[PDB]
Amino acid sequence: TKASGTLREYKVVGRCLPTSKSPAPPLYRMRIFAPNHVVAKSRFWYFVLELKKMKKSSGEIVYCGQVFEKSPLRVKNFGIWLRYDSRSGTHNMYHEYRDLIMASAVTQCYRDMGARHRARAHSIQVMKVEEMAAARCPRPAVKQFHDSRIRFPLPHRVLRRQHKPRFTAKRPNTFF
Amino acid sequence: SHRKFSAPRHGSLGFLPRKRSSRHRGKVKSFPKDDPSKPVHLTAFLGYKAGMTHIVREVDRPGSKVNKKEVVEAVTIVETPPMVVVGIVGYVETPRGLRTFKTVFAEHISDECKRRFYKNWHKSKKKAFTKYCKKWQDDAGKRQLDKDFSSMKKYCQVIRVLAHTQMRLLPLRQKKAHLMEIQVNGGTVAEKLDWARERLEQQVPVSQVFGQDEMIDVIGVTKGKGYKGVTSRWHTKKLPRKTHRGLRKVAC
Amino acid sequence: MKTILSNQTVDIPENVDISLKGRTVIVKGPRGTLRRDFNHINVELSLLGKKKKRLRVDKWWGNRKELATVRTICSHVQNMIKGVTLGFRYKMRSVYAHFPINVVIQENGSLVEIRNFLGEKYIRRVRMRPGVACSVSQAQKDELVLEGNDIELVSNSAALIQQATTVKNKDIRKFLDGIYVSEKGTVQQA
Amino acid sequence: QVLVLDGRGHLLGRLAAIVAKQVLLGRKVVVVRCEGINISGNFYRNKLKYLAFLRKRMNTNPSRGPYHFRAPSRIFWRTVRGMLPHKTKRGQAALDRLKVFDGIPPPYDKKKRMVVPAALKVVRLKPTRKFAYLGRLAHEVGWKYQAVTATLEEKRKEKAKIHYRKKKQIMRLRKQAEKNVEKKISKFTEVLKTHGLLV
Amino acid sequence: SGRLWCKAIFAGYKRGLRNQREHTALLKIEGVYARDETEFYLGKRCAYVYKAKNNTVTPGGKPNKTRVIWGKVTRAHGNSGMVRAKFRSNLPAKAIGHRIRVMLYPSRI
Amino acid sequence: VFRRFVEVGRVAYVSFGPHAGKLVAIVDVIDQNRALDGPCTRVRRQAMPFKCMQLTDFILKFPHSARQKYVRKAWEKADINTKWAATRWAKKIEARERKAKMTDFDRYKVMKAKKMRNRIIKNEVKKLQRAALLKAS
RNA sequence: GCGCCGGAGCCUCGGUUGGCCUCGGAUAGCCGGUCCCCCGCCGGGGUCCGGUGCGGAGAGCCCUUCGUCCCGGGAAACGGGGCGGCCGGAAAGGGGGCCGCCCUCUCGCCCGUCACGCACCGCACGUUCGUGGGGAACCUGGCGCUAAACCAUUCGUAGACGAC
RNA sequence: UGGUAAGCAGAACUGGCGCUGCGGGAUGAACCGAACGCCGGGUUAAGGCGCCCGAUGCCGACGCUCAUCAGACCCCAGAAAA
RNA sequence: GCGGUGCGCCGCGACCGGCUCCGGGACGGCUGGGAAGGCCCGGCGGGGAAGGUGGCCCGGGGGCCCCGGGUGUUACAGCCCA
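Residues numbered from 1 in each chain as written, not as in the entry; some residues may be left out. Chains lettered and ligands numbered in written order. Part of a larger assembly, values for the part shown. Heavy atoms only, no water.

Deposited coordinates in this entry are attributed by the record to cryo-EM, at a stated resolution of 3.1 Å.

Draft legend 1. Region of interest: the packing of helix α7 (residues 146-180) of chain D against helix α4 (residues 104-131) of chain F. At a closest axis distance of 9 Å, the pairing of α7 of chain D and α4 of chain F adopts a crossing angle of 115 degrees. Along this stretch, α7 of chain D crosses α4 of chain F, giving a crossing that reads as right-handed. Listed contacts from α4 of chain F to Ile170, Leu173, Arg174, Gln176, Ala177, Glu178 and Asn180 of chain D of α7 of chain D are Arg117, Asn118, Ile121, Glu124, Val125, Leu128 and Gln129 of chain F. Looking at side-chain class alone, the contact of α7 of chain D with α4 of chain F contains six nonpolar, four polar and four charged residues. (Axes fitted to C-alpha atoms, helices over the stretch in contact; angles between N-to-C directions. Helix = DSSP H or I, 4+ residues; strand = E, 2+ residues; numbered from the N terminus. Left-handed = near helix turned anticlockwise from the far one by under 90°. Contact = heavy atoms within 4.5 Å. Nonpolar A, V, L, I, M, F, W, Y, C, P; charged D, E, K, R; others polar.)

Draft legend 2. Molecular detail of the sheet that holds strand β7 (residues 54-57) of chain C. All names here are of chain C. Read from one edge to the other, the open sheet built from three strands follows the order β2-β7-β6, with strand pairing classed as antiparallel. The outermost strands of the open sheet, each flanked by one partner alone, are β2 (8-10) and β6 (45-48). Adjacent strand axes in the sheet meet at a mean angle of 30 degrees when their direction is disregarded. In terms of strand pairing, β2 meets β7 through three bridges, oriented antiparallel. Each bridged residue has a counterpart across the sheet, and for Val10 the counterpart in β7 is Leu55. (Pairing = 2+ DSSP bridges.)

Draft legend 3. Region of the structure containing a positive patch on the surface. Side chains of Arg160 of chain A, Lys2 and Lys65 of chain C, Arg14, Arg124, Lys126, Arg129 and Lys130 of chain D together with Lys51 of chain F sit close together on the surface and give a patch of like positive charge. Among the secondary structure elements, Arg124 of chain D is positioned in helix α5 (residues 121-124). A relative accessible area of 31% means that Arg124 of chain D is categorised as partly exposed. (Patch = residues over 30% accessible without salt bridge, like charges linked within 9 Å, V, L, I, M, F, W, Y side chains within 5 Å. Areas by Shrake-Rupley, 256 points an atom, 1.4 Å probe, with all protein chains shown as cover. Salt bridge = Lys/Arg side-chain N within 4 Å of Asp/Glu carboxyl O. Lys, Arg positive; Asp, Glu negative; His and termini not counted. Charge placed at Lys NZ, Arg CZ, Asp CG, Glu CD. Buried < 20%, exposed > 50% of the residue type's maximum accessible area, 1.4 Å probe, protein only.)

Draft legend 4. Representation of the protein's contact with RNA strand H in the model. Around RNA strand H sit 44 residues, and of these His163 of chain A, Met83 of chain D together with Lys28, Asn79 and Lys86 of chain E come closest. The protein-proximal atoms of RNA strand H, defined as those within 4 Å of the protein, are 66% sugar or phosphate. Between RNA strand H and the protein, one listed contact pairs a base nitrogen with a side-chain N or O atom of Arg45 of chain D at 3.4 Å. Here the residues of the surface near RNA strand H sort into 13 nonpolar, 13 polar and 18 charged. (Near = heavy atom within 4 Å. Polar contact = N/O pair within 3.5 Å; in protein donor to acceptor, adjacent residues only side chain to side chain.)

Draft legend 5. Molecular detail of the pairing of strand β2 (residues 29-32) of chain D. All names here are of chain D. Going residue by residue along β2, you find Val29 and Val31 tucked away on one face and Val30 and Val32 tucked away on the opposite face as well. In terms of strand pairing, strand β1 (residues 3-6) meets β2 through four bridges, oriented parallel. Each bridged residue has a counterpart across the sheet, and for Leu5 the counterpart in β2 is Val31. Read from β1 through helix α1 (residues 12-24) to β2, the crossover connection turns out right-handed. (Right-handed = clockwise from strand over helix to strand, strands pointing away.)

Draft legend 6. Up close: the pattern of salt bridges. For the structure on display, the rule yields 31 salt bridges over all chains. Here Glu152 of chain C ties to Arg36 of chain C by a salt bridge, and the two come within 3.8 Å at their closest N and O atoms. One end of the pair, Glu152 of chain C, is in helix α2 (residues 151-162); the other, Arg36 of chain C, is in strand β5 (residues 32-36), and 116 residues separate them in sequence. The partner of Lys47 of chain D in a salt bridge is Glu140 of chain D, with the nearest N and O atoms 3.6 Å apart. A residue pair is termed long-range when its members are at least 10 positions apart, and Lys47 of chain D in helix α2 (residues 43-55) and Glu140 of chain D in helix α6 (residues 134-141) qualify at 93 residues. Assessed through its relative accessible area of 24%, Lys47 of chain D is described here as partly exposed.

As structure tokens, this is what we get:
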């Protein structure tokens, strides 16, 4: 997949077009984090094929809807269990993020798995995203923001809008 | 493939534009560094190589095998008639290097010092410093000449004194004297410039520059030997007589 | 991670009155005024409480190479506090095997000659740093004393006489001779 | 019409990249105090980078070879020269407009000096990264007249300090004479503040 | 009494890296430094004022030495207030980095 | 040395973005470079980066997870919308917008005032320089 | 027949179309204001008050000019124009400031009365820097200059020839 | 397939180059995009958008990285175990 | 006057039509018959913990004025859920 823009979380259910043996096969649901519905249904078959004898042609996509945010104004802890392909073997990772939105935190994961480890969205397999209690979060990078009276200035204000004069008289300040 | 047997390189590359000297009178390329804890003095002179003769002297040094034995050493005679100061020149310190500020010549300049300003002295009407000399015999001219010191001890930092060789006191063919800027090294710039202006139109003997048993630098143009080949010039190996086109040239 | 805040307090005493000129902390007290500039280090310096009993150095959003630039500023000012009250006396001793090392003290404290090191004719003039006083204690055998305010300049001036005396083209495990820093202390005590 | 850009604190290529383009648009630029220009990374790297530049000479005649200009003005000139088509007749028309100086030679010492904020070490480098003053580089790689320039530079740092002291002295008189006359410019102050000049 | 045209610079032609198309000029109008601010100058007439040796007739009175090649700001260029202008005679490239005048008077205010 | 701090309840001024020119209250810190509401200045509850907001000297006391009903209370209680406008920052913000809307006739009416308001102060400052000259000689 | 100072036409190079006369410099800090006070010969210190998304703002400042005139009101008398000096600067030096005065006016600039100027009949390079930069010259005036280089000859410290 | 390998030698399938410009990869028979009458307008591919050099002069997003041998774009042009 | 053809050179406006890159309006469909949120009073009743509000202390910030820690489900704030 191409982890493009902000990922949207899609609920994709699907089952096997019926056999004479089993007239109604069991409906299989998945949490797919995809840029759009078209690739969400493509990524649905990828994982289901890894798990079951259910291909695209010997199967059907039953429902394809975006599972939206049920609290997009609350700041939340998110714990994403990874499975990314390194340059030698694959590794199970547990990573933690801090966003209003579940799909945004998995977007925030895809950039980070690229940033630190140079893994691409094809290598990465998001197996579980669980919203976490503030006392159940191990990383100190996310813990450090769990202070009720959190208080930091913005010390070195590296000014943007550098080419708006382009030529000025004043040397620009950074203690704003 | 490599150099079979190693040899040090024939001649030096530390002078290698081996051309005719662009000046007959050897230029002082750099004067000594000064500290105003010394008195004011001229740092150089301008002589004429007369000849070459012997000496006998008792060597005063510990340790040597010629300790107070007589050495016959070779000496040169440089005929140094006392030079006459005819001007002063200010050099201001610029970030592009070091720029001349103003040349102020003396009132009277000798005909031998005049000749240097000309090529064809015979053909000329000899009119140099006829209108400059007039800034010395009127009080209107004097104040500018005084303002040229008021605006030099303030601004200028390096001050050199224009002297010339007194060609009258030499057995040479020529009369056209040799000018030279001698850098006055010693005390502060005002003291230095209130000195050389008192020394203007005056004699400078050699005792008032150089003392005895002193190590000095002789800046002279080498004796010209014309268009000499590579074995004559660079002192390379001669080829062993069997060579076709020549044996007095560099092979490779 | 970028640690949101890392701070350590230097409790400056009553005898020492410090101030700060942006981030140039000046430290005055019983035996001189020590100044040190921290233009390079990029920290908030806070001098809080009436009679200014504690200096407080912060670091907002510091990574691991920049959190280590907090306790150094703590210990820099704490050595500054020590040297301004108690001073820095580095008693360093003259080790030899055969040849006694003659160390005469010149130029009212600064210049130190070292004669007859390993039977050498070469005298070694070592000048101390501006504001370090060298002395030789008596009824002794082999003893030097340095005295000063800035630890940066006392040990630097001691390192000059420790590396003045190095044994060239030898086994230094046998030829152990040289002037080495024996004791690190203060002039007057708490 | 002429840009009189200050060199103090500006970056070497960042200022060059902005000068070189303005000059191609027929703007006469004067970049001044080029010893004040600094280059990103620690000093010893930028020293080695110029020593690597010195080692590159035409083997069979160095006098033909690359002219290693050691003055900060001409280290700034040559980095701009690389960002111009200096073979073509429009790119040589450009360099003729550019005029670079060591220190602040007049008549540029008594003109307001502009700043390119998109080519500045405080704006463009992190405060924990290292830089290299072109003054220290040039001096240690064979520029002679730093201590000459820095003493002529300390003359106008006294002379221009008197001008500013003499100009604060005239602005205090304006913050006195705007106030004595406040009653009889009251019509002429309001309309400036209705259209938002002194608010 | 004053100026009734804005300062433009004939920066270059409409060119790829290794091909230039001379019929379309690039005009750097001084003041406008984005496509935000380029809206006013589109469809405006823009003139390249130059003077030569031989005299030529003038609309208004006596023959001058000053001449023009008239133009028309076609549409916005790039992302930084650069603009494409198409001239009736394709400009000479001696004028690269020289003053041509973006006028005001296909006015729409 | 710092005065302003990203603390829960600080009014920050949104410089750029779609909400450029509106005030906002910092409800909660999400990230190192991302915050989380300005109920009275028509700003919805939204995540917004620290880059775009120029944080002021107004803190109004309410918790970090508090909903928009209890932001509006502490906002109006502190009385920020009128406390902002009277500050010399808010005034020169709405002086900038007046000089923008300066009509070509308004440009004339200020120029004729500019001249006579400065034609006097060149006379008056010059008369002050005799008060410096009278004491000397 | 040339150098500085003081009419009218012609050649030809084209670019330009109000200028900003300056702190230094900091960036986890700055800017502007002042008694108790140490020096330097009035500044630079500690102090305290204001400015700080820089408004004593380059997001800026100053200057902005259709013109003329009469009649009044603000505003200017410490001004307006043009001579002799008074005095400032060397890094690539400058044309400035201030005064006495022979001196001419209560005009300039802000309102408002009142009037008119080929009103060139919808239309282009207008508007300036510009008595521009160089090039032969023409009238008519003052004050001031009278040189040198190269060749030829000569030298021999030099030299293939030039050069020196 | 032979050979340690080779810009080596020898097959299969297709596509090229040869016979072919063009945009890009700085440069280049073959790579990537795309094949061509002569032109104006428009929009793209592959590639880019500090400056040479058209185009980021976005108040682009989040991390990563200090090199006293920095790193920087298919083919492709400097490296391994440790 | 009415049709046809054209201006010496230099220009210009106009409305229609073709193709274009935009910009501003305004209306509607669908969705977990959007999710959230806003406003109505945190509708009555607990319970839960915390990035613990109030109350009690500990050291320190003052001529007694506030931050750091600790307490614990409510308290002169709020949060989520049954």
